[PDB]
Amino acid sequence: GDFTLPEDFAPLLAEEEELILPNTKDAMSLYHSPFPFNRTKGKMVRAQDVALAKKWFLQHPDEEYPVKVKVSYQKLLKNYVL
Amino acid sequence: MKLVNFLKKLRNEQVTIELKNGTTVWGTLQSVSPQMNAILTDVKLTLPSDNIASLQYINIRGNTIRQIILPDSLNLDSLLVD
Amino acid sequence: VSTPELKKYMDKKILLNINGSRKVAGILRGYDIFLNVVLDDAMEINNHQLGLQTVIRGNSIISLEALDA
Amino acid sequence: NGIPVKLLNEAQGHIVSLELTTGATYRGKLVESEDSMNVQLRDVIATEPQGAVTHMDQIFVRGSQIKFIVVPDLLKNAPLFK
Amino acid sequence: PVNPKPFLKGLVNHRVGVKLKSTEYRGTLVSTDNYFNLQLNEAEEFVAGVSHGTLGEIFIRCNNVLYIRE
Amino acid sequence: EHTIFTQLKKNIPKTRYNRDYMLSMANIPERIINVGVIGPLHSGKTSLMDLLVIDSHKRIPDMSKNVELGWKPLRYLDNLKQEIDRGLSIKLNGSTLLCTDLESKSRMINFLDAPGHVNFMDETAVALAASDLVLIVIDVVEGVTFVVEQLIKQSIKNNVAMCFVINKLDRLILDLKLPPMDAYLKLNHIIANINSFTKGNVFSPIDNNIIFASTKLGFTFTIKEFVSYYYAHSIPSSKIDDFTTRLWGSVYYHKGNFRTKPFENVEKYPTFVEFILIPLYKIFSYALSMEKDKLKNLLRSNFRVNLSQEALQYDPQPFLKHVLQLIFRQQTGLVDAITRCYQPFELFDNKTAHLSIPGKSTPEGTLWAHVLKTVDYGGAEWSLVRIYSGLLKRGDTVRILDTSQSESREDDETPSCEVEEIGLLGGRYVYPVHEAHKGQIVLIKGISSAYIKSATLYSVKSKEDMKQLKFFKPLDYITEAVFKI
Amino acid sequence: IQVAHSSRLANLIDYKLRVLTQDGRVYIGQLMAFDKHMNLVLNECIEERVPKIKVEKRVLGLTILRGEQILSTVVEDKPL
Amino acid sequence: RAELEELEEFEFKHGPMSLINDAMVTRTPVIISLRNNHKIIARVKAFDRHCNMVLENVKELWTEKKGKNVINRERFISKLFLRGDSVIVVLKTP
Amino acid sequence: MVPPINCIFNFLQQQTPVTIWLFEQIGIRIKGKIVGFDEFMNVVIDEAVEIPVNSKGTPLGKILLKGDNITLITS
RNA sequence: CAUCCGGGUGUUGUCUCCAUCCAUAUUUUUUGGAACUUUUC
Ligand SMILES: Nc1nc2c(ncn2[C@@H]2O[C@H](COP(=O)(O)OP(=O)(O)OP(=O)(O)O)[C@@H](O)[C@H]2O)c(=O)[nH]1
Ligand SMILES: [Mg+2]
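What counts and what doesn't
Residues numbered from 1 in each chain as written, not as in the entry; some residues may be left out. Chains lettered and ligands numbered in written order. Part of a larger assembly, values for the part shown. Heavy atoms only, no water. Residues with missing side-chain atoms left out of burial classes, pairs and counts. UniProt positions renumbered as here; feature names shortened; annotations may be inferred. Contact = heavy atoms within 4.5 Å. Buried area = accessible area lost by both parts, 1.4 Å probe. Salt bridge = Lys/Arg side-chain N within 4 Å of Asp/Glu carboxyl O. Polar contact = N/O pair within 3.5 Å; in protein donor to acceptor, adjacent residues only side chain to side chain. Helix = DSSP H or I, 4+ residues; strand = E, 2+ residues; numbered from the N terminus. Nonpolar A, V, L, I, M, F, W, Y, C, P; charged D, E, K, R; others polar. Pairing = 2+ DSSP bridges. Donors = N, O, S within 2.8 Å, 3.2 Å for Na, K, Ca; no water. Buried < 20%, exposed > 50% of the residue type's maximum accessible area, 1.4 Å probe, protein only. Near = heavy atom within 4 Å.

- Chain C carries the name Small nuclear ribonucleoprotein G in the PDB entry, which gives Saccharomyces cerevisiae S288C as its organism.
- For chain C, the Function comment in UniProt is given as "Plays a role in pre-mRNA splicing as a core component of the spliceosomal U1, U2, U4 and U5 small nuclear ribonucleoproteins (snRNPs), the building blocks of the spliceosome (By similarity)."
- You can read under Sequence similarities in the UniProt record for chain C the words "Belongs to the snRNP Sm proteins family."

**Side note on the interface of chain A and chain F**
Logical step 1: Listed per partner, the contact involves 28 residues of chain A and 38 residues of chain F.
Logical step 2: Of the roughly 3200 Å² buried between chain A and chain F, counting both surfaces, carbon and sulfur atoms make up 65%.
Logical step 3: Three residues stand out in chain A for area buried against chain F, namely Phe9, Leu12 and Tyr31 of chain A, and they jointly supply 24% of the buried area on that side.
Logical step 4: The tally of links between chain A and chain F comes to 0 salt bridges.
Logical step 5: Where chain A packs against chain F, one counts 15 residue pairs in polar contact.
Logical step 6: Mapped by element, the contributors of at least two residues to the side of chain A that touches chain F are helix 1 (24-30) and helix 2 (36-39) of chain A.
Logical step 7: Looking at the side of chain A that touches chain F element by element, the count peaks at 3 residues for helix 1 of chain A.
Logical step 8: Residue composition of the side of chain A that touches chain F, grouped by class: 13 nonpolar, 7 polar and 8 charged.

**Looking at the interface of chain I and chain C**
The extent of an interface is frequently quoted as the accessible surface area lost upon association of the parts.
Logical step 1: Of the residues lining the interface, 21 residues belong to chain I; the matching set on chain C comes to 20 residues.
Logical step 2: In this assembly, chain I packs against chain C so that about 2000 Å² is buried in total across both faces, 62% of it on carbon and sulfur atoms.
Logical step 3: When residues of chain I are sorted by the area they lose upon contact with chain C, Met1, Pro4 and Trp21 of chain I head the list and together hold 26% of the total.
Logical step 4: Across the contact surface, chain I and chain C share 1 salt bridge.
Logical step 5: Of all the secondary-structure elements, those providing two or more residues to the side of chain I that touches chain C are helix 1 (4-14), strand 1 (18-22), strand 2 (25-34) and strand 5 (72-73) of chain I.
Logical step 6: By residue number, the principal contributor to the side of chain I that touches chain C is helix 1 of chain I, which donates 3 residues.
Logical step 7: Class assignment for the residues of the side of chain I that touches chain C results in 14 nonpolar, 5 polar and 2 charged.
Logical step 8: Looking at chain direction, strand 7 (residues 53-56) of chain C and strand 5 of chain I are connected through 2 bridges and run antiparallel. For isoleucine 56 of chain C, the partnering residue across the bridge sits in strand 5 of chain I and is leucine 72 of chain I.

**What about the coordination of the magnesium ion (ligand 2)?**
Residues and elements named next belong to chain F.
Logical step 1: The protein atoms donating to the magnesium ion (ligand 2) are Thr46 (OG1) and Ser89 (OG), with metal-donor distances spanning 1.9 Å. A residue pair is termed long-range when its members are at least 10 positions apart, and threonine 46 in helix 2 (residues 45-56) and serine 89 in the loop between helix 4 (81-85) and strand 2 (93-100) qualify at 43 residues.
Logical step 2: In this structure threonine 46 comes out as buried when scored by relative accessible area, which is 7%.

**Focus on the arrangement of the chains**
Logical step 1: The pair of protein chains exhibiting the most contacts, out of 10 pairs of chains in contact, is chains A and F.
Logical step 2: Taking C-alpha atoms only, the smallest gap left between chain B and chain D, which are not in contact, amounts to 15 Å.
Logical step 3: Contact between chain A and chain I is absent, and the minimum C-alpha spacing across the pair is 19 Å.

**Some points on the protein's contact with RNA strand J**
Logical step 1: The immediate surroundings of RNA strand J are formed by 56 residues, with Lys2 of chain B, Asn63 of chain E, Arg49 and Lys65 of chain H together with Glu24 of chain I found nearest.
Logical step 2: Here RNA strand J approaches the protein such that, of its atoms within 4 Å, sugar and phosphate make up 37%.
Logical step 3: The separation between a base nitrogen of RNA strand J and a polar side-chain atom of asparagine 39 of chain G is 3.1 Å.
Logical step 4: Contacts to RNA strand J include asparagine 52 of chain H, whose side-chain N or O atom sits 3.3 Å from a base oxygen.
Logical step 5: Looking at side-chain class alone, the surface near RNA strand J contains 10 nonpolar, 25 polar and 21 charged residues.

Written out as structure tokens, the structure is:
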């Protein structure tokens, strides 16, 4: 209208066209994760020090499970707390 | 077009310089700014009927310098080429 | 570029100390980025007023010392 | 931008001294300064070039007609330069 | 309605006189520009209203000018 | 056990700006300013003061290598054990530091970080009564809920300048994933929504009343700043004031020209999106999915930024925080948008009137200062104060009046106590000072036993003037306690 | 008096400087900071003037000096 | 920049900076009046916006004179640069 | 506020007795009527009159006085 | 209060694989309002 800027003036990253990359969906998936996964770098841990079954009994007992396993969740949580 | 360019091209020249206050200044132009600020070396200040005062380094301002007296031998046409 | 902040001095009588060891007085009415002054008229410093309102050029001003606080 | 300008700005508040082209020194609290050294000052004394002094309230000065400005030596310390 | 630049333009190929920062001048105007530098023919140098010399073809620098007159 | 607080003279962090030079600013009353920081739960207040601090101080002993690149935010101003484990902020804590505005002049600032939980509004009332202006910190996701309304009504009620911060922008894209346009629409809805409740003013990113920031990734900017780092090259200087005002607000950009036209021609996005949010999403998404090589080229070829070989390897989050902090420099946009949004003339008189009897000021040698709250720091206890007039000195016998007594208003009028020690509140430490000047909030030791809650502090030269001074009203606590034990 | 063989003013920052101005005064002091328009910050500035006889002397301190009035600058001594 | 330069050149050709250009082209002897009372009779070599000049065959005219006195002095110089603020009025004697 | 340009315009519209002072020149003044306006302080002023200042009257025609050497205006 | 399966960093030694910053002149800076003459000391 009243004034103009010198042409060739463009947003500073406008040279690179696409703001979504084939991986970036997955990157944004990782950026929220529980632990060894978010970091993407780290140090080796002794084989018996990776607890695969801990995260299962820290969570709620769910529903359909008969009393026999709910008792087991309580047991394991007790050992953990101690 | 520009005399500034010409001035710049004139390097390492032992020259006299004349100011708006008439001071005669014998020195080697080591450099000059885009705005005619002369930077001399091996400098010798004399007035226009009194004694002389010599100095190693003088940066004189562009507004002051009335007339730079050029060297004896100088190819002017060549200098004037872009 | 920036405006001379003379909004404090607006509508007050000022001693415009001007070029060549001269003076002017008068109440401040306006100004611009070059520091030109528009003022409702007063005397040249014994004393004698000329004009109803006056405009002083920017370059000419040494100082504009406030008469009123 | 000019570092002297910056320094001047910083000196705001402080008691600066200030001579003009006329040679009329002032000394006062620096109220406001601009890019062009358009200084305002408070509680300001005003020496005549000949000798005599005069107290005055809120002087404005236009940098064009300013010669040199003395700032307090505390500003030497920090933190404008680096 | 009459601004200065257009007046100046109009006054090309006509007599003019110039005062300086002082000595009066008198000559026919050849041409002018935005900066108000002058080029005159039949220049006569009025040293405070005394035609000292007639130079002829001259070019006046703008910043030394005071006023233009017929 | 009780708190976590550093007691030695030699372990106080080293303040790259030379503390001595700061204390000099105290002589100039116009120079120093009091900003409080208030906003609802988890708006990021304390972790913002973290950004400011660890920007200012050179080496902090409280940084673990962890929180330095941190997955877990370093919270400097937290300071209480109970507030560490509780995860919340409870007792308000400030800091004092000088920082350069965008014009490079440095000014001294007192932050008072208030708690954000709506049961603790009692201690936001203090932050209002003290601070000269308030940063109201807002979650972009949560928007402005009713408590924010009450924060802006209390701000505008006490005659205290305001500046808003829109925090937690990472939670916008990195979670909600809004398309570049839709985010901007959301900002228009918020900024549009906050002006509705500010009757006498209209905020706007171009007026520099609003600062876009994300603390967890540690970047704060104002469109003026960001333009000053980057777009200031491409366009000549006399255009800049122009260009910025053409940035926000529905104008588009086609080729070399700003055209408010509907969006006609071909490609359509608003200018703010075109020059800011789009390159920002580019910053994130490239800072994650790009390879370190081509990215390493982009950051030189655009932002004039270089990367060390250590920085090339971290993780998505730490490397992200590093890149952003490395682009957007130490926070001068905040310091500025605070600086010029505060006018002492229109406000200071109004507030000093609101907190006391309203009358022309008895300026003089005599010391008038407002005692707010008895704050606990690690050693013993302290009294917090703001000096409206006078100069305190270590060892003065001063009159201290309960605010409960100020409704009453010769011998018998005198409680008096010495001033034993004067500190500057630094958060995890407390910095000793010989004397305090007008307009800085400081700490006295030895007043504690003269009052409860607020109190007034004055030492007067003449019997005649003592009749003429004014006293502070009992301080207003927003919530009234309903819950009884 | 001795001094290095510099190219520009900027490269010789913090050197003790003689300075001449249009009025005829001589400011002496260390150049703290330069300008686009040759304004000079001087660390420990002394104005030295000559009345129409012998050198009159005034110690100023930290001085911002405007380039309009500056004529020419000379090196008085080395750093420190 | 180039365009601007061209425009400037055109202006010079047209307006009051034409005469000087012509003189330069011809390289005739010309006289210049100056702020400090110096009549510079010299051969022009260079020319610009500011009216700075490179000069050959230079012959200045002034008067070193402390009153009452009357002396008329002039010196030859081979090559000499000149600044434009000095220039009052240039003239061409045919 | 009343800007200087605006004032000048007003003066031009009016055609009133204007008395100009010269920059760095005490002894002389000008007295006429403003005809022109420029981006700078320069104007054309027909029916001008040169005045020697009181420490009479002198003949003068139509003139443009250059903007740089102006000081005072009044109209 | 200890034992036990593990761990980080630092220094040294040893071993293995390889190599000898704008671009431009019309009020705030750099296109100057400078100079000449005279008295006192
Ligand atoms: N996504 C995102 N989360 C943030 C950001 N800043 C803070 N948070 C999270 O929000 C919570 C609040 O941050 P804090 O500053 O520590 O909390 P606070 O501001 O002190 O809240 P109060 O104690 O009420 O003052 C923290 O647990 C952070 O993890 C941010 O910039 N982006
Ligand atoms: Mg908190």
